[PDB]
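Novice: Handing you a structure now.
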Amino acid sequence: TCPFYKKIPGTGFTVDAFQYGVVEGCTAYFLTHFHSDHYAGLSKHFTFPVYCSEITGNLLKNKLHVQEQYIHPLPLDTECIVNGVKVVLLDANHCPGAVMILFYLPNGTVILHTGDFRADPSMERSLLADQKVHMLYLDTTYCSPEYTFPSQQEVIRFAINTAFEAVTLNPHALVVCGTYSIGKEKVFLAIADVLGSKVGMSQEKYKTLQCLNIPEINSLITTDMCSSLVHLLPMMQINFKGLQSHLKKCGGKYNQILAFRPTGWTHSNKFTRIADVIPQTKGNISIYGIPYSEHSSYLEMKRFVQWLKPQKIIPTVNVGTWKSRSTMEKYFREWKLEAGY
Ligand code: NI
């Protein structure tokens with residue numbers, strides 16, 4: 001059965017609610033983004049209307065086989081009527097195709113559902129500027145002050161400089177980057193660009209990237225591993241064993257691997273600056289964990305919420321323990337007392 005924080009009151013609508021069977025009274029199922037915890041339950045046998053971005057629609061059709069007649073893509077930054085209710089989709093600054101959803105309810109209430117997002121000051125100049133929000137359904141993944149990490153631009157700067165130095169010292173080094181879902185593609189695209197290479201990958205991953213409307217993609221990626229000196233591998237293989245095994249398959253073209261594991265936050269963020277990050281090394285294999293986040297830091301979340309001044313906040317992450325819920329409610333009250341709303 002569908003929990004309350006996935007229902008939109010006064011509508012026939014649900015958000016990211018595909019794992020509960022037929023939800024009673026649901027006339028339209030919204031999907032914020034193509035991450036498996038959120039799409040859990042969708043397949044080619046789904047027969048209700050799905051509302052989403054163009055990019056999420058390409059992934060539902062090609063990767064999960066959902067039939068076309070049930071896919072309803074909406075443009076961004078555009079007022080749309082769905083089953084008699086005005087809605088707007090906004091870029092969430094998460095993975096490709098990820099949206100926030102503004103709902104203008106028949107009684108005058110306005111609801112923002114962030115999906116998953118990385119709050120940014122540029123959101124203060126979207127269609128959010130114009131009007132009041134009564135309820136905020138908020139991605140609270142990192143809602144605690146210990147959760148700090150750098151900007152995505154600093155992280156990318158570190159990765160490009162590290163890869164360019166290693167391969168210039170040793171032209172026979174291979175670079176490998178881990179992946180397990182969509183998102184974070186800037187990591188491997190920026191590294192391949194500085195190295196003058198396409199990115200090599202499996203047919204399955206190529207198919208997924210082909211759904212993403214990335215400009216000039218055909219010039220950036222390939223399934224011909226032999227032509228490429230940046231390879232993608234599943235995240236599970238980014239360890240000394242998996243990487244040894246990969247280097248054997250490359251036919252003595254390379255004598256060294258430099259690898260990247262994009263994570264979210266890890267406790268080594270509480271001590272070490274991005275500049276000071278060092279790898280794990282065994283022999284001719286080095287593995288860097290880099291903190292590339294597609295979710296708000298605590299500070300970015302607090303700034304967003306203090307700017308929007310919602311009347312009520314409903315968290316959508318970390319909702320399963322009393323201690324988590326109590327912690328998040330304390331911070332919401334500090335934020336409100338500090339800013340005066
Ligand atoms: Ni996500």
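Ordered as shown in the structure tokens, chains take letters A, B, and onward, while each chain numbers its residues from 1 and ligands are numbered from 1 in the order shown.
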Do you know which residues are within 9 Å of ligand 1 using only C-alpha atoms and all ligand atoms? Can you write them as a PDB file with C-alpha atoms, in the first residue's frame?

Specialist:
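Wrote out_30.pdb, looks like this:
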ATOM      1  CA  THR A  32      10.236  12.397 -11.326  1.00  0.00           C
ATOM      2  CA  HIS A  33      13.307  10.545 -12.778  1.00  0.00           C
ATOM      3  CA  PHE A  34      14.718   7.255 -14.003  1.00  0.00           C
ATOM      4  CA  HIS A  35      16.315   5.871 -10.777  1.00  0.00           C
ATOM      5  CA  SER A  36      15.259   2.333  -9.689  1.00  0.00           C
ATOM      6  CA  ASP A  37      13.972   3.150  -6.155  1.00  0.00           C
ATOM      7  CA  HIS A  38      11.555   5.626  -7.880  1.00  0.00           C
ATOM      8  CA  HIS A  94      19.794  15.768 -10.384  1.00  0.00           C
ATOM      9  CA  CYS A  95      20.422  13.215 -13.224  1.00  0.00           C
ATOM     10  CA  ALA A  98      14.971  14.587 -13.497  1.00  0.00           C
ATOM     11  CA  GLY A 115      11.741  14.614  -6.478  1.00  0.00           C
ATOM     12  CA  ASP A 116      15.459  14.097  -6.043  1.00  0.00           C
ATOM     13  CA  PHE A 117      17.321  17.464  -6.439  1.00  0.00           C
ATOM     14  CA  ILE A 182      22.145   7.301 -14.954  1.00  0.00           C
ATOM     15  CA  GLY A 183      23.615  10.534 -13.565  1.00  0.00           C
ATOM     16  CA  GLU A 294      23.615  14.957  -7.314  1.00  0.00           C
ATOM     17  CA  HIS A 295      21.737  15.771  -4.035  1.00  0.00           C
TER      18      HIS A 295
END

Novice: Would you mind writing down, as number ranges by chain, each residue of segment 80-173 of chain A that DSSP on the backbone assigns to strand (DSSP E)?

Specialist: A: 80-82, 85-91, 99-104, 110-113, 135-138, 173

Novice: May I have the residues within 8 Å of segment 239-244 of chain A as number ranges by chain, using only C-alpha atoms and disregarding those fewer than 5 positions away in the same chain?

Specialist: A: 257, 282, 285, 287

Novice: Kindly indicate which residue among A:280, A:197, A:43, A:268 lies nearest to residue 227 of chain A, using only C-alpha atoms for the distances.

Specialist: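 Under the stated criterion, the closest residue is A:197.
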
Novice: For residue 72 of chain A, please output as a list in words all residues within 9 Å (counting only C-alpha atoms; exclusion window: fewer than 4 positions along the same chain).

Specialist: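 Contacts, in chain order: residues 49, 50, 51, 52, 53, 54, 57 and 68 of chain A.
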
Novice: Hey, what's within 9 Å of residue 147 of chain A if we count only C-alpha atoms and toss same-chain stuff fewer than 3 positions away? As a PyMOL selection string, please?

Specialist: chain A and resi 142-144+265-267+269-270+297-299

Novice: With N, CA, C and O atoms retained, could you export that selection as an mmCIF file, in the first residue's frame?

Specialist:
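What landed in again-v4.cif:
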data_model
loop_
_atom_site.group_PDB
_atom_site.id
_atom_site.type_symbol
_atom_site.label_atom_id
_atom_site.label_comp_id
_atom_site.auth_asym_id
_atom_site.auth_seq_id
_atom_site.Cartn_x
_atom_site.Cartn_y
_atom_site.Cartn_z
ATOM 1 N N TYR A 142 20.436 14.549 2.537
ATOM 2 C CA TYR A 142 21.565 15.044 3.328
ATOM 3 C C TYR A 142 21.189 16.175 4.331
ATOM 4 O O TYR A 142 21.931 17.199 4.481
ATOM 5 N N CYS A 143 19.988 16.007 4.960
ATOM 6 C CA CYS A 143 19.502 16.999 5.907
ATOM 7 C C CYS A 143 20.149 16.867 7.325
ATOM 8 O O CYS A 143 19.436 16.596 8.316
ATOM 9 N N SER A 144 21.448 17.168 7.423
ATOM 10 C CA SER A 144 22.202 17.277 8.651
ATOM 11 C C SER A 144 23.524 17.996 8.392
ATOM 12 O O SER A 144 24.096 17.787 7.333
ATOM 13 N N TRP A 265 28.318 11.318 -0.520
ATOM 14 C CA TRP A 265 29.146 11.650 0.626
ATOM 15 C C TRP A 265 29.730 10.416 1.262
ATOM 16 O O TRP A 265 29.082 9.347 1.220
ATOM 17 N N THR A 266 30.950 10.538 1.802
ATOM 18 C CA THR A 266 31.542 9.479 2.648
ATOM 19 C C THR A 266 32.154 10.256 3.847
ATOM 20 O O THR A 266 32.493 11.419 3.669
ATOM 21 N N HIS A 267 32.291 9.640 5.014
ATOM 22 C CA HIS A 267 32.999 10.216 6.207
ATOM 23 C C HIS A 267 34.406 10.763 6.010
ATOM 24 O O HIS A 267 34.802 11.623 6.806
ATOM 25 N N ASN A 269 34.971 12.961 3.895
ATOM 26 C CA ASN A 269 34.595 14.401 3.685
ATOM 27 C C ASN A 269 34.726 15.292 4.941
ATOM 28 O O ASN A 269 34.908 16.516 4.823
ATOM 29 N N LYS A 270 34.592 14.670 6.118
ATOM 30 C CA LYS A 270 34.694 15.352 7.424
ATOM 31 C C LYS A 270 36.124 15.751 7.840
ATOM 32 O O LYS A 270 36.295 16.476 8.833
ATOM 33 N N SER A 297 23.667 19.603 -0.625
ATOM 34 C CA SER A 297 24.361 19.614 0.688
ATOM 35 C C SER A 297 23.378 20.200 1.680
ATOM 36 O O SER A 297 22.342 20.811 1.374
ATOM 37 N N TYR A 298 23.703 20.016 2.968
ATOM 38 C CA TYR A 298 22.878 20.703 4.009
ATOM 39 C C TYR A 298 22.717 22.181 3.754
ATOM 40 O O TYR A 298 21.568 22.742 3.831
ATOM 41 N N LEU A 299 23.841 22.874 3.545
ATOM 42 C CA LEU A 299 23.777 24.333 3.324
ATOM 43 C C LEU A 299 22.948 24.743 2.105
ATOM 44 O O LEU A 299 22.227 25.713 2.171
#

Novice: Of the candidates A:155, A:201, A:337, A:139, which shows the shortest atom-to-atom distance to residue 5 of chain A, using only C-alpha atoms?

Specialist: A:139

Novice: Near segment 215-217 of chain A, within 10 Å and counting only C-alpha atoms, which residues show up once chain neighbours fewer than 5 positions away are dropped, as a tab-separated table (two decimals) with N, CA and C atoms, in the first residue's frame?

Specialist:
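Below is the file that was written, result_22.tsv:
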chain	number	residue	atom	x	y	z
A	189	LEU	N	32.73	11.99	-19.24
A	189	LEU	CA	32.82	12.84	-20.42
A	189	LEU	C	33.94	13.87	-20.30
A	198	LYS	N	37.14	9.03	-27.35
A	198	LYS	CA	35.75	8.64	-27.03
A	198	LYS	C	35.78	7.78	-25.80
A	209	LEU	N	22.75	5.68	-22.66
A	209	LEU	CA	23.24	7.06	-22.97
A	209	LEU	C	22.59	7.68	-24.22
A	210	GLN	N	22.32	6.79	-25.17
A	210	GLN	CA	21.58	7.19	-26.41
A	210	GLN	C	20.17	7.75	-26.18
A	222	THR	N	31.29	5.31	-27.61
A	222	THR	CA	31.44	4.19	-28.58
A	222	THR	C	31.35	2.82	-27.91

Novice: So the first atom is atom CA of residue 16 of chain A and the second is atom CA of residue 113 of chain A; what is the distance between them in Å, to one decimal place?

Specialist: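 It comes out at 10.7 Å.
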
Novice: Determine, counting only C-alpha atoms, which protein, DNA and RNA residues have an atom within 12 Å of an atom of segment 311-314 of chain A; residues of the same chain fewer than 6 positions away are not included. Present the result as a ChimeraX atom specification.

Specialist: /A:4-8,109-115,132-140,305,325,328-333,335-336,340-341

Novice: Could you find all residues in segment 136-262 of chain A that DSSP calls helix (DSSP H, G or I) from the backbone, and write them as a short mmCIF file (atom, residue, chain, number, x, y, z; two decimals) with N, CA, C and O atoms, in the first residue's frame?

Specialist:
data_model
loop_
_atom_site.label_atom_id
_atom_site.label_comp_id
_atom_site.auth_asym_id
_atom_site.auth_seq_id
_atom_site.Cartn_x
_atom_site.Cartn_y
_atom_site.Cartn_z
N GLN A 152 30.26 20.54 -7.93
CA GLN A 152 30.53 19.59 -9.00
C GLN A 152 31.67 20.09 -9.93
O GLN A 152 32.49 19.24 -10.29
N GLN A 153 31.76 21.38 -10.11
CA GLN A 153 32.87 21.98 -10.90
C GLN A 153 34.22 21.71 -10.23
O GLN A 153 35.13 21.34 -10.94
N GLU A 154 34.36 21.81 -8.92
CA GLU A 154 35.67 21.51 -8.23
C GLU A 154 36.04 20.05 -8.36
O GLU A 154 37.20 19.68 -8.51
N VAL A 155 35.08 19.18 -8.26
CA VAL A 155 35.28 17.77 -8.35
C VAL A 155 35.76 17.39 -9.74
O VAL A 155 36.72 16.60 -9.88
N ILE A 156 35.11 17.97 -10.75
CA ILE A 156 35.48 17.73 -12.16
C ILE A 156 36.91 18.26 -12.43
O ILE A 156 37.71 17.58 -13.13
N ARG A 157 37.21 19.44 -11.93
CA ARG A 157 38.57 20.00 -12.07
C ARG A 157 39.61 19.01 -11.53
O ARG A 157 40.66 18.74 -12.18
N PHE A 158 39.38 18.42 -10.37
CA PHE A 158 40.26 17.45 -9.76
C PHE A 158 40.41 16.19 -10.62
O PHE A 158 41.56 15.72 -10.91
N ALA A 159 39.30 15.66 -11.14
CA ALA A 159 39.34 14.46 -11.95
C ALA A 159 40.12 14.71 -13.28
O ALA A 159 40.95 13.84 -13.65
N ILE A 160 39.79 15.76 -14.01
CA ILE A 160 40.49 16.11 -15.31
C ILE A 160 42.01 16.23 -15.04
O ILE A 160 42.85 15.60 -15.78
N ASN A 161 42.38 16.99 -14.05
CA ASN A 161 43.85 17.27 -13.78
C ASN A 161 44.57 15.99 -13.39
O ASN A 161 45.72 15.74 -13.86
N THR A 162 43.97 15.16 -12.55
CA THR A 162 44.51 13.86 -12.15
C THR A 162 44.66 12.90 -13.34
O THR A 162 45.77 12.30 -13.52
N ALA A 163 43.67 12.78 -14.23
CA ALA A 163 43.76 11.87 -15.35
C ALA A 163 44.81 12.36 -16.38
O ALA A 163 45.60 11.51 -16.90
N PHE A 164 44.79 13.67 -16.65
CA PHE A 164 45.67 14.28 -17.69
C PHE A 164 47.11 14.10 -17.20
O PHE A 164 48.00 13.63 -18.03
N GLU A 165 47.40 14.30 -15.91
CA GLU A 165 48.78 14.18 -15.43
C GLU A 165 49.21 12.74 -15.58
O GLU A 165 50.39 12.50 -16.05
N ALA A 166 48.43 11.73 -15.13
CA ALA A 166 48.81 10.34 -15.12
C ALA A 166 49.07 9.82 -16.54
O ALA A 166 50.07 9.05 -16.72
N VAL A 167 48.24 10.20 -17.53
CA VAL A 167 48.34 9.63 -18.85
C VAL A 167 49.49 10.34 -19.64
O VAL A 167 50.08 9.76 -20.55
N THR A 168 49.73 11.58 -19.31
CA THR A 168 50.90 12.30 -19.91
C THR A 168 52.17 11.71 -19.37
O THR A 168 53.13 11.57 -20.11
N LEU A 169 52.22 11.36 -18.09
CA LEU A 169 53.46 10.70 -17.58
C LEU A 169 53.63 9.31 -18.23
O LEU A 169 54.75 8.87 -18.56
N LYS A 186 29.09 13.67 -16.40
CA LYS A 186 30.15 14.67 -16.60
C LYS A 186 31.52 14.07 -16.18
O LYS A 186 32.61 14.43 -16.72
N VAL A 187 31.59 13.17 -15.20
CA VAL A 187 32.87 12.60 -14.73
C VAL A 187 33.61 11.98 -15.96
O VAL A 187 34.80 12.32 -16.23
N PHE A 188 33.00 11.03 -16.63
CA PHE A 188 33.71 10.32 -17.70
C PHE A 188 33.73 11.17 -18.97
O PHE A 188 34.75 11.09 -19.71
N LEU A 189 32.73 11.99 -19.24
CA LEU A 189 32.82 12.84 -20.42
C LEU A 189 33.94 13.87 -20.30
O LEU A 189 34.73 14.10 -21.31
N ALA A 190 34.15 14.53 -19.17
CA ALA A 190 35.19 15.52 -19.03
C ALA A 190 36.58 14.88 -19.15
O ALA A 190 37.53 15.48 -19.74
N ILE A 191 36.76 13.73 -18.55
CA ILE A 191 38.08 13.03 -18.58
C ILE A 191 38.32 12.65 -20.05
O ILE A 191 39.51 12.81 -20.51
N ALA A 192 37.38 12.01 -20.76
CA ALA A 192 37.64 11.59 -22.17
C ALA A 192 37.95 12.83 -23.01
O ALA A 192 38.92 12.81 -23.88
N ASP A 193 37.26 13.90 -22.81
CA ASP A 193 37.51 15.15 -23.58
C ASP A 193 38.98 15.61 -23.36
O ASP A 193 39.69 15.90 -24.41
N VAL A 194 39.51 15.66 -22.16
CA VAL A 194 40.89 16.19 -21.98
C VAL A 194 41.91 15.25 -22.63
O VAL A 194 42.99 15.67 -23.02
N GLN A 203 27.27 -2.55 -24.81
CA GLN A 203 26.10 -2.21 -25.61
C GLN A 203 24.92 -1.70 -24.77
O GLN A 203 24.22 -0.76 -25.26
N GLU A 204 24.72 -2.34 -23.62
CA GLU A 204 23.62 -1.95 -22.69
C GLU A 204 23.75 -0.52 -22.19
O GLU A 204 22.76 0.22 -22.16
N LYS A 205 25.00 -0.11 -21.78
CA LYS A 205 25.22 1.25 -21.33
C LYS A 205 25.14 2.26 -22.46
O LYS A 205 24.64 3.38 -22.31
N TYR A 206 25.69 1.88 -23.68
CA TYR A 206 25.54 2.75 -24.84
C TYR A 206 24.05 3.08 -25.12
O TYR A 206 23.72 4.22 -25.40
N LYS A 207 23.21 2.02 -25.11
CA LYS A 207 21.76 2.17 -25.29
C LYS A 207 21.17 3.18 -24.32
O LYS A 207 20.49 4.13 -24.70
N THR A 208 21.55 3.05 -23.07
CA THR A 208 21.02 4.01 -22.03
C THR A 208 21.46 5.47 -22.34
O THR A 208 20.67 6.41 -22.38
N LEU A 209 22.75 5.68 -22.66
CA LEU A 209 23.24 7.06 -22.97
C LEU A 209 22.59 7.68 -24.22
O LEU A 209 22.37 8.87 -24.34
N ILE A 217 26.40 13.57 -28.86
CA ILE A 217 26.75 12.30 -28.18
C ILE A 217 27.48 11.33 -29.06
O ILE A 217 28.38 10.65 -28.62
N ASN A 218 27.13 11.30 -30.35
CA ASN A 218 27.75 10.33 -31.27
C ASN A 218 29.26 10.57 -31.42
O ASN A 218 30.02 9.60 -31.68
N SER A 219 29.69 11.84 -31.20
CA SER A 219 31.07 12.22 -31.24
C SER A 219 31.82 11.86 -29.94
O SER A 219 33.04 11.93 -29.94
N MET A 225 35.70 -0.84 -27.77
CA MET A 225 36.59 -0.65 -26.62
C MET A 225 38.04 -0.43 -27.04
O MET A 225 38.76 0.35 -26.40
N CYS A 226 38.45 -1.08 -28.15
CA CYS A 226 39.83 -1.06 -28.58
C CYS A 226 40.28 0.31 -29.04
O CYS A 226 41.42 0.66 -28.80
N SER A 227 39.37 1.12 -29.59
CA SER A 227 39.69 2.47 -30.00
C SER A 227 39.76 3.52 -28.88
O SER A 227 40.20 4.68 -29.12
N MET A 235 29.95 -0.47 -11.50
CA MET A 235 30.52 -0.03 -10.22
C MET A 235 31.08 -1.18 -9.37
O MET A 235 32.10 -1.03 -8.72
N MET A 236 30.38 -2.30 -9.40
CA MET A 236 30.83 -3.53 -8.73
C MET A 236 32.18 -4.10 -9.13
O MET A 236 32.73 -4.96 -8.44
N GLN A 237 32.64 -3.77 -10.32
CA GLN A 237 33.91 -4.20 -10.77
C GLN A 237 35.06 -3.18 -10.37
O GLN A 237 36.24 -3.47 -10.67
N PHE A 240 40.34 -4.03 -6.86
CA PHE A 240 41.62 -4.49 -7.43
C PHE A 240 41.49 -5.75 -8.28
O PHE A 240 42.07 -5.86 -9.37
N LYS A 241 40.61 -6.65 -7.86
CA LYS A 241 40.34 -7.90 -8.57
C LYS A 241 39.67 -7.67 -9.92
O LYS A 241 40.09 -8.16 -11.01
N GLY A 242 38.60 -6.87 -9.88
CA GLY A 242 37.84 -6.63 -11.11
C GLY A 242 38.64 -5.90 -12.17
O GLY A 242 38.46 -6.14 -13.36
N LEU A 243 39.52 -5.00 -11.72
CA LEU A 243 40.35 -4.17 -12.58
C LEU A 243 41.54 -4.96 -13.14
O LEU A 243 41.84 -4.80 -14.34
N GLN A 244 42.14 -5.84 -12.34
CA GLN A 244 43.15 -6.81 -12.84
C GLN A 244 42.62 -7.63 -13.98
O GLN A 244 43.26 -7.78 -15.04
N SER A 245 41.42 -8.14 -13.77
CA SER A 245 40.72 -8.97 -14.71
C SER A 245 40.42 -8.19 -16.00
O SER A 245 40.75 -8.66 -17.09
N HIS A 246 39.89 -6.97 -15.87
CA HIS A 246 39.79 -6.10 -17.04
C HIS A 246 41.14 -5.86 -17.84
O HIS A 246 41.12 -5.90 -19.06
N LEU A 247 42.26 -5.56 -17.16
CA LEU A 247 43.54 -5.24 -17.82
C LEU A 247 44.05 -6.44 -18.66
O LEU A 247 44.54 -6.27 -19.79
N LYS A 248 43.86 -7.64 -18.14
CA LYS A 248 44.12 -8.85 -18.96
C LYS A 248 43.37 -8.86 -20.30
O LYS A 248 43.94 -9.19 -21.33
#

Novice: Measuring atom to atom with only C-alpha atoms, identify which of A:63, A:323, A:86, A:261 is nearest to residue 104 of chain A.

Specialist: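 Result for the nearest residue to residue 104 of chain A: A:86.
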